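**Q** The structure under discussion is supplied below as structure tokens; questions concerning it will follow.
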Amino acid sequence: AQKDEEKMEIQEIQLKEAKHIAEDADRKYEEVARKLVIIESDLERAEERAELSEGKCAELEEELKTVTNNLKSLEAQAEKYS
Amino acid sequence: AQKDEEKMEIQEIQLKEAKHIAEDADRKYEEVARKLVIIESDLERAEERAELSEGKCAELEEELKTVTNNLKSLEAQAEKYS
Amino acid sequence: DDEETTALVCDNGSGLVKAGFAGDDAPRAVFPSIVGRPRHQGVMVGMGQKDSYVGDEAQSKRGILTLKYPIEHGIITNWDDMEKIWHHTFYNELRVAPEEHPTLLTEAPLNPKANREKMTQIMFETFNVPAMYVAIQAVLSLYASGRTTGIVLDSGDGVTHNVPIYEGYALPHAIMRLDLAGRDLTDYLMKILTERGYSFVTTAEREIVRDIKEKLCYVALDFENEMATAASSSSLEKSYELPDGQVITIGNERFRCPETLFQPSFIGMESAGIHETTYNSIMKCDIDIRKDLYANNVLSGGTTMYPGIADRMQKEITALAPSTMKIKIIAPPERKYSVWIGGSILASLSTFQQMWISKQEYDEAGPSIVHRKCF
Amino acid sequence: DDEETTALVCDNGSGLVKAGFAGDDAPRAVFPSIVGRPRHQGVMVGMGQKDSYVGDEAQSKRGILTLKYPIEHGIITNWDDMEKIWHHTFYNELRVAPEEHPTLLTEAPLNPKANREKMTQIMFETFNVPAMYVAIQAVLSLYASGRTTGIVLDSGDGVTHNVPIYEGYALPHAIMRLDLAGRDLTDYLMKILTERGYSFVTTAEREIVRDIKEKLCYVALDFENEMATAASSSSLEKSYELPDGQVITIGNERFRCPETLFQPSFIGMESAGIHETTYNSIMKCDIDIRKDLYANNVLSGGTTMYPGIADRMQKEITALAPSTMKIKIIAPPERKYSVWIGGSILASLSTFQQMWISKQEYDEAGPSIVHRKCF
Amino acid sequence: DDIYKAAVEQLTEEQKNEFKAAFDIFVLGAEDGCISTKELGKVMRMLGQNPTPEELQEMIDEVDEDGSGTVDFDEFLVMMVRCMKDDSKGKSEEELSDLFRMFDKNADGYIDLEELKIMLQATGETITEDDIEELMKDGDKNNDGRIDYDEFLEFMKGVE
Amino acid sequence: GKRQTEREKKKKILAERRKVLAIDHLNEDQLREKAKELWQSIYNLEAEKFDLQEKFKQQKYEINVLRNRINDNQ
Amino acid sequence: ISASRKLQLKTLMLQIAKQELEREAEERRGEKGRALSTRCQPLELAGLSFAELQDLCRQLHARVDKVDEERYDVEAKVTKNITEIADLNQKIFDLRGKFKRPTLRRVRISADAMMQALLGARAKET
Ligand SMILES: Nc1ncnc2c1ncn2[C@@H]1O[C@H](COP(=O)(O)OP(=O)(O)O)[C@@H](O)[C@H]1O
Ligand SMILES: Nc1ncnc2c1ncn2[C@@H]1O[C@H](COP(=O)(O)OP(=O)(O)O)[C@@H](O)[C@H]1O
Ligand SMILES: [Ca+2]
Ligand SMILES: [Ca+2]
Ligand SMILES: [Ca+2]
Ligand SMILES: [Mg+2]
Ligand SMILES: [Mg+2]
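The following block contains the structure:
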């Protein structure tokens, strides 16, 4: 009986400890998951903005290349015209 | 004594269950935290890339306008040649 | 705008349908003319999967479609698909019912009659337009340049035709129509890419090869010197990123693809290049208008947008032509939409307002009205 | 709830049967699929000893039973036991008679026809359901993620299969089914534990080895570095208490058991790991949907729950794939029940309500109706 | 639910005292005074059933102006009215579509600011310019100032 | 023959919407009766025409509204 | 205005909009009746002998055929509009439906229903 009372007491104490730790862990898990979702959304928006900017940059590169080639051709023709 | 011993056994079972739940919660928490850190770093990198791309686009716009003006002038010169 | 009634300047083309209201500077909606049925099975239920994606929608889902152009070489080979394309163009890209708008289609020279008659019959029966008129694709490109003479080489994507015009009087005996165009250049590029290891076979990957051709290829000023240079140095090798990675490097395939225009023997065609069919088209004209045609050579159409073609063509013609004449090649920056700009100008004219084929006239003479006075 | 009629979303699986009514978040009853006859003699009279304990009851009396799974690799090898499992699932774990509820079974890709036909024949003759429908286990896992594209790697306990899907159009020629799964990992772990002295042989002790695998094993980010570290330090040795005491210490067996997934040469299988069959499954797809599949790689199934697999797989694919594409691996926390959640969503749809195989249809065409339009 | 939330916000003795009596009964294990997550879960479990905690957590943190795991006043009534769906999202899509198409006086499929404010003047209800700006921001999902049918239905959720 | 179907459909529109008119056998009194019935038919037809026009206008308006909703969402 | 107060504000907005819609429909019907009366003009029945009635009936038949063909055209227009609006509404559903699956829970009983099932007949308010 004495041994059983000791075991019941210590087990009850440890169970209270474990349940409180579980409550803490669940709360922290919820908060961190919410923060993760927010950060993921931010990353997606940053990625799409960067992609759009890069596409526009590539188009500008192409256009400037074309106009430069036209300028070179016209310069050669101007020398010939002189 | 025997009744209290049975109750103590039930308490032991519940303590074991609580231990397992706490361990599972801890694993989930650490995994999510590490993932969040990585995602935050990647988001910062993406935003920096977007900044670089915007700078490139502005420079290309400047170049395009310059070459356009030059082309107009050369075209007028060619017409006079004609 | 408001009261009154504006005309629809549609331009079927072959490869890009360009449309818009008369009186503007640029077409309102430009989108590829492809109709692609899905080819796999499809397991998701309720996804809202349609039976045919047309226009620019099928250039985004092209991974699981089998795109097929409804216009082969100017002529129309699949009338149901062409009707679908027109219906899309009217209702979704412009959102104007055709019951209240005249239409101005465009047609290549020397095309089969049945094509034109079926086109007018469709426009009058299915879409039920008030009045439609069909115009030759080169006269419009001459309108857009603001000229009234000149010989225009309209190298589209389906067919390349070369219509000489003087003082507004077209010369019907000097039209030289050649069936080499952008599509054959795409196929030849897709065929010579296999010499490095890249194999494109699917009808969806033809679009990728078309993008490669548009962004990288250029016309060499002198072919042999470029072939010699590309075989020694490596200053020409430009790389390009596929829709999934695995960048590719194009070597002397860059100027060999569009060289087919000036040497149609590459794809096995017998005829002479676009540099010599223009000179032949000029020489068929009378002896007194050859100087004006020499001085006012006009380029149009999409395929004439290759970087460096306005110099190669001038060099070739100057080699062929007599040394005294001046050879000038008009290459406006708005080459691609030149035909449509000319179409808008023509539809906006007051003198032209009584040339439309009114519906009552069609009801009295049938579809064969188009060959009659209302041309 | 009340009037109306709810569907039963059963999911046979191989290792855990998951079932529940359509429209919820989690399966109502999850229990191992094992049927174990007693093997000893039995001397107590009137103890009420049954002849076969199925489900979760045989995981508590497993000390005197011979558990045997009725599903080997997706396919069903012992039809009487499978019928017993289904009967238990319907009557004791859900307590709903099947005469008043549609059922939605799930089946791995590329399975023998006879298995599916026998399944539908059983469901219609023995249990006498109103209507049943069989769905591929990967499309559901794609439903649960809320996507509509993506390539899903559903590494269950019986068989690992990798179904790519784009825009709702499944690609039947790119399904790569591999028969390495959780059960082979359990056997390999049980085989490498013998290198320390622990011998597990009985079919009951396979469950203990499975518990060890679930609780301790993890996938190494880099295999050689972990093998070198575990051979010098002792920071990895984690201990575990058997069902009777005598704790055991697992050394570098921790990350060697699940490494078999990425190197199937360990258990003598020829094929490539799950890191390379995904890349091969992608490369069989068309060239224009590879970017989307790269960005939407989905993980599912139980065996993909190892701590640290979503990073190892991403590292491997990034090594294989072109450097420009972005590789992203979707690993939802509810991985284990992903297939069943997707099944619930699919059964709850209104558009899907007319795809069930109604009983009168089965009466008219026989069990071979499943291969027909009602897939 | 549409009547329940409004009535319970300024509830009389009867059902508020019912809530207080429930709180006083809950002292068989839960004594936090202000309903936290774990005490709420314990109370719900001791009732005799074990519902999925996701519903409880969305009740206790989503609709709240704090979302800290505690229970506020108005959000408790939000939970009470969220058990069922009686507040009909602010009328029906057919009636809403009719009122929006007549609201779209220039017939362009969007609600401009000027005709919106003119119609608001036509409403004649109690006017709160702060609430007007709140509705303006609710109609800015795409941040154009205009309210199309999407955001129109969005901020009309529960309009009874 | 889909085109044949369209042509026979428009022919049936021009023919069946035409009815068999019988007023010469209807005597002066019955001719007045037939005139009254024809007026009632044509007035009802015009009412149906106007109602169809108004419904088409409202359907086009709802089409514009839904398309604008799509554009805002896209 | 409070949350309930602004809900009632938008409710009165919907009420005024319903008033406007009802008056729009009433004036639409009245003015269309006026327009039809301008079109559908009753003619004099008495005083005409046989031949004039026959000619008038021929004219009425021709007008009936014409307006019937016109009604066919407008009905085809209405059918096209119905098809287009159906496609647009389906695309609306595709854009903001499908993946809008709610969390269907059979263990979140109604507060009154849950309290009754766990206590008997205790819950009667909600
Ligand atoms: N910028 C470009 N550079 C090179 N080729 C081009 C370019 N743009 C278009 N093309 C080619 O021209 C074709 C489009 O020609 P287009 O004038 O639209 O034909 P159509 O006369 O039928 O309208 C495309 O198929 C493409 O191959
Ligand atoms: N938490 C876990 N960690 C590691 N492995 C697990 C875990 N849970 C389950 N498994 C493995 O996955 C298997 C269950 O897979 P499951 O998805 O149930 O298969 P099925 O597709 O037949 O339902 C078990 O046999 C076990 O080996
Ligand atoms: Ca709170
Ligand atoms: Ca408006
Ligand atoms: Ca807005
Ligand atoms: Mg053209
Ligand atoms: Mg599975």
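These protein sequence lines map, in sequence, to chains F, G, B, A, C, E and D. Quick note: the first sequence, position 5, residue 138 per the deposited numbering, numbers continuous. Quick note: the second sequence, position 8, residue 141 per the deposited numbering, numbers continuous. Quick note: the third sequence, position 300, residue 300 per the deposited numbering, numbers continuous. Quick note: the fourth sequence, position 103, residue 103 per the deposited numbering, numbers continuous. Quick note: the fifth sequence, position 139, residue 140 per the deposited numbering, numbers continuous. Quick note: the sixth sequence, position 13, residue 208 per the deposited numbering, numbers continuous. Quick note: the seventh sequence, position 12, residue 53 per the deposited numbering, numbers continuous. For every residue, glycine included, the Cβ atom is placed at its ideal position computed from N, Cα and C.
Going by beta carbon distance, what residues of the same chain come within less than 7 Å of A/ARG116, once the five residues before and after it are set aside?
**A** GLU107, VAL134, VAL370, listed in sequence order.
**Q** Is it a yes or a no for the stretch 286-295 of chain B touching the stretch 122-142 of chain B, going by three-plus beta-carbon pairs under 8 Å?
**A** No, the stretch 286-295 of chain B is not in contact with the stretch 122-142 of chain B.
**Q** With 16 as the cutoff for other CB atoms within 10 Å, does E/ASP267 come out buried or exposed?
**A** It counts as buried.
**Q** Are there three or more Cβ pairs, one per stretch, closer than 8 Å when the stretch 13-21 of chain A is compared with the stretch 32-46 of chain A?
**A** Segments in contact, yes.
**Q** Considering only the alpha carbon of each residue, which of A/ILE175, A/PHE200, A/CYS374, A/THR149 lies closest to A/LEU110?
**A** Among A/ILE175, A/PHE200, A/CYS374, A/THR149, the Cα nearest to that of A/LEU110 belongs to A/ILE175.
**Q** Alpha carbon to alpha carbon, what distance is there between B/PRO38 and B/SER52?
**A** Taking the straight line joining both Cα atoms gives about 7 Å.
**Q** What does the Cβ neighbour count give for A/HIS161, buried or exposed, with the cut at 16 atoms within 10 Å?
**A** Flag for A/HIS161 reads buried.
**Q** Does DSSP classify A/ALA170 as helix, strand or coil?
**A** The answer is strand: DSSP assigns A/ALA170 an E or B state.
**Q** Tell me which residues of the stretch 122-155 of chain D have at least one Cβ-Cβ distance to chain A shorter than 7 Å, keeping chain order.
**A** Listed in sequence order: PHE140, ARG142, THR144, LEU145, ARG146, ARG147.
**Q** Looking at the secondary structure, which residues open and close the beta strand (DSSP E) in which A/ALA19 lies?
**A** Segment 17-19, the beta strand (DSSP E) holding A/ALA19.
**Q** What ranges does the beta strand (DSSP E) occupy inside the stretch 130-181 of chain B, keeping only unbroken runs of at least 3 residues that lie completely in it?
**A** With a minimum length of 3 residues, the continuous beta strand (DSSP E) runs that stay inside the stretch 130-181 of chain B are 131-136, 150-155, 160-166, 176-178.
**Q** At a Cβ threshold of 7 Å, is C/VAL160 touching chain D?
**A** Yes, because at least one Cβ of chain D sits closer than 7 Å to the Cβ of C/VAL160.
**Q** Report buried or exposed for G/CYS190, applying the criterion of at least 16 other Cβ atoms within 10 angstroms of its Cβ.
**A** Label assigned to G/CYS190: buried.
**Q** So is A/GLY150 in contact with chain D if we call contact Cβ pairs under 7 Å?
**A** So no, A/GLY150 is outside the interface.
**Q** For a test of the three-state rule: what should DSSP assign to A/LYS284, helix, strand or coil?
**A** A/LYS284: coil per DSSP, three-state reduction.
**Q** Beta-carbon distances below 5 Å to any heavy atom of ligand 2 define the shell here; list its residues in chain order, please.
**A** Here the list is A/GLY13, A/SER14, A/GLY15, A/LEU16, A/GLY156, A/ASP157, A/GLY182, A/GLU214, A/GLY301, A/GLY302, A/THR303, A/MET305.
**Q** Below 6 Å CB to CB, which residues in the same chain sit around B/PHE90 once its five sequence neighbours on both sides are set aside?
**A** Excluding sequence neighbours, B/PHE90 sits near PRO98.
**Q** With 16 as the cutoff for other CB atoms within 10 Å, does B/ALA319 come out buried or exposed?
**A** Per the 10 Å Cβ criterion, exposed.
**Q** Quick check: B/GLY150 and B/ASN296, are their CB atoms within less than 7 Å of each other?
**A** Going by C-beta atoms, B/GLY150 is nearer than 7 Å to B/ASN296.
**Q** Determine the DSSP secondary structure at B/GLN246, reduced to helix, strand or coil.
**A** If DSSP states are grouped into helix, strand and coil, B/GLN246 belongs with the strands.
**Q** Look up D/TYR113 in the DSSP assignment and give the residues it is bridged to.
**A** Answer is none; D/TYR113 lacks a bridge partner.
**Q** Identify the continuous beta strand (DSSP E) that holds B/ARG62 and give its terminal residues.
**A** Run containing B/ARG62: none; DSSP gives neither H nor E here.
**Q** Considering only DSSP beta bridges, list what B/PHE31 is partnered with.
**A** Answer is B/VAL17, bridged to B/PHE31.
**Q** G/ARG160 touches chain A at which residues, Cβ-Cβ below 9 Å?
**A** Within chain A, the residues near G/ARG160 are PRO307.
**Q** Counting only Cβ pairs nearer than 7 Å, list the residues of chain F close to C/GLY70.
**A** Under the 7 Å cutoff, chain F gives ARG160.
**Q** Go through its chain and collect everything with a Cβ distance to B/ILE309's Cβ below 7 Å, but skip five positions before and after it.
**A** Only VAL219 meet the Cβ criterion.
**Q** Answer with yes or no whether the minimum CB distance from B/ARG37 to chain A is below 7 Å.
**A** False, the Cβ-Cβ gap to chain A never drops below 7 Å.
**Q** Within this structure, are the beta carbons of D/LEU94 and E/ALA230 separated by less than 7 Å?
**A** Closer than 7 Å, so yes.
**Q** Between the Cα of C/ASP113 and those of C/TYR150, C/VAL79, C/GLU94, spot the shortest distance and give me the residue it belongs to.
**A** Cα-wise, what sits closest to C/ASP113 is C/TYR150.
**Q** Rounding to the nearest angstrom, what Cα-Cα distance links A/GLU72 and A/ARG183 in this structure?
**A** Rounded to the nearest angstrom, the two C-alpha atoms are 9 Å apart.
**Q** Mind listing the chain C neighbours of D/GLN157? Cutoff is C-beta to C-beta under 7 Å, in chain order.
**A** Result: empty, since nearest Cβ-Cβ is about 11 Å, beyond 7 Å.
**Q** At 3 residues or longer, what runs of the beta strand (DSSP E) sit wholly inside the stretch 23-96 of chain C?
**A** Segments of the beta strand (DSSP E) lying fully in the stretch 23-96 of chain C: there are none.
**Q** Cβ of F/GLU156 less than 7 Å from any chain C Cβ?
**A** Yes, its Cβ sits closer than 7 Å to a Cβ of chain C.
**Q** With a CB to CB cut of under 8 Å and the five nearest residues on each side skipped, what residues in its chain are close to B/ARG177?
**A** Same-chain partners within the cutoff: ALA108, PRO109, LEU110, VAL159, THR160, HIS161, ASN162.
**Q** Counting only Cβ pairs nearer than 7 Å, list the residues of chain F close to C/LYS39.
**A** Those are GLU156, listed as they occur along chain F.
**Q** Taking 8 Å as the cut-off, does the stretch 356-371 of chain A touch the stretch 21-31 of chain B (at least 3 CB pairs, one atom from each stretch)?
**A** No: the two stretches stay apart, fewer than three of their Cβ pairs being nearer than 8 Å.
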